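The data below hold one chain only, encoded as structure tokens and taken in the form deposited in one PDB entry.
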């Protein structure tokens, strides 16, 4: 069994294909705490032991990004994602991801050290209370931005270049890749902002428990921010709707504000692709800004899965 895992620090996205050929996708959050959760009978709990420490899944409080890729929690969050994927517990080969500035050094040269460190991480032994855990055998690592733009790059001429814009949970990374992956023109990593900016704006606009718990509510609002019908039903208060919308827009304006300043650091690209969970949130601005023709602008309605799908297609 081969599973493609885009383990971001906000959400872990899984992709793999079943015997009957159907391609499956799964998403598991990065929500854990350093202690087992006790259940006296009605709550199903996931209690792990990673190295010596016990961990458990739960809708905790939202509080490094980079350090996380080599952390014990990362391993736990991935196993947990496997355990809740529907897949049968088994030995599995995986392909995971490393952020652009972790996978590549300053000269856009792959960083061997980080890569081997990433692989070595899943070498950590994990156990599940009252249950069995998957067994991670082979581990390959792929850079983040590139796999999502590959099938487009194949079609590009060596002189054209795809500008890939990834808006994740806590970072915004942009890269420019030469046609037919014949070279990386530029990488711009910015870990100062992500969708969490908007997320927190919503949790505050509606005095909401700043915890992974309400993240589903915050998400629904962000996603259905243009449909007053949905907003009215999700929000039983009329007054809180105008408020959340104003707070949601200032945060969005900040996102668009930054991606645009950053794009002014890139030049010579002929095609544009927007990916990541928040792709939908900055899509219009960059399309407008770059003024690239419709047939050369790439976006999907499953943006949070563009990377792992691209990884799947490459190494399936």
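Numbering follows the first chain given and starts at 1.
Just so it is clear, the following notes concern the form solved in complex with a partner chain, a form of the same protein that is not shown.
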| property | result |
| --- | --- |
| Partner proximity in the bound PDB entry: residue 168 to its partner chain, non-hydrogen atom cutoff 4.5 Å | no |
| Proximity of residue 122 to its partner chain in the bound PDB entry, heavy atoms at 4.5 Å | no |
| Proximity of residue 154 to its partner chain in the bound PDB entry, heavy atoms at 4.5 Å | yes |
| Non-hydrogen atom contact residue 237 with its partner chain in the bound PDB entry at 4.5 angstroms | no |
| Contacting member of 208, 141, 222, 128, with respect to its partner chain in the bound PDB entry [4.5 Å, heavy atom] | 141 |
| Residue among 162, 244, 198, 146 with a heavy atom within 4.5 Å of its partner chain in the bound PDB entry | 146 |
